[PDB]
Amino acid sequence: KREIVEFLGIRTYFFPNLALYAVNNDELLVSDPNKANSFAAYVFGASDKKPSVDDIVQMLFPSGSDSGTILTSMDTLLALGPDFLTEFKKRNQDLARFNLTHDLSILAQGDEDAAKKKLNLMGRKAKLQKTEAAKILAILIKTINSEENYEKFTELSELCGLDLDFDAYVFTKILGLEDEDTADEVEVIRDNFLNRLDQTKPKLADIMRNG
């Protein structure tokens, strides 16, 4: 089941290992950020150096990941876009040996366009269900089916309705969705997250707010 989790003021669906990293390496990020993980340091505003694709994959799929971790991170791969589809397919092929699969596997099976029209209708009905799990699936589908970056940002912004502002912000940062057309909205998303992080980790929040 798609389940939101929380780590000491960081509420997340898509990025649980990144949230855990920030819990475990708070002092490092605040006091010696050039020793910290590059993906974490970039997200939290402690470095302007961009993470590599490999940095992202290793944070999503740490050694020893179990099937639940893998399935959740495969959702994140889909949200990040076609750059990550080969990684998604490799992870899905491995799961099949255990009789497991990602529930949106039709996206990896050719005729992607036809699958996305069917998924569009599925996602619209999922959003009308009353569970967090269904609403996450709906947002994921709408994000996958977005062509342009402004549309992708608009659909990912719906994560804030589930108090997943952290995830919306991480996607914005990693996918480069902040520009002149979206900057004022990105500021609201960032501030929503920081208003919560201030309550548990104010020094880390201060880095993110300033530097």
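For every residue, the number given is its place in the sequence shown, counted from 1.
- The mean C-alpha temperature factor is higher for 172-180 when 156-164 and 172-180 are set side by side.
- When the C-alpha B-factors of 133-141 and 111-119 are averaged, 111-119 comes out higher.
- When the modelled residues of the chain are ordered by C-alpha B-factor, residue 205 sits in the middle third.
- Residue 102: CA B factor in the lowest third of modelled residues in this chain (values from the PDB entry).
- Among all modelled residues in its chain, residue 40 ranks in the lowest third by Cα B-factor.
- In this PDB entry, residue 46 carries a Cα temperature factor that places it within the highest third of its chain's modelled residues.
- Among the modelled residues of its chain, residue 86 has a C-alpha B-factor that falls in the highest third, as given in the PDB entry.
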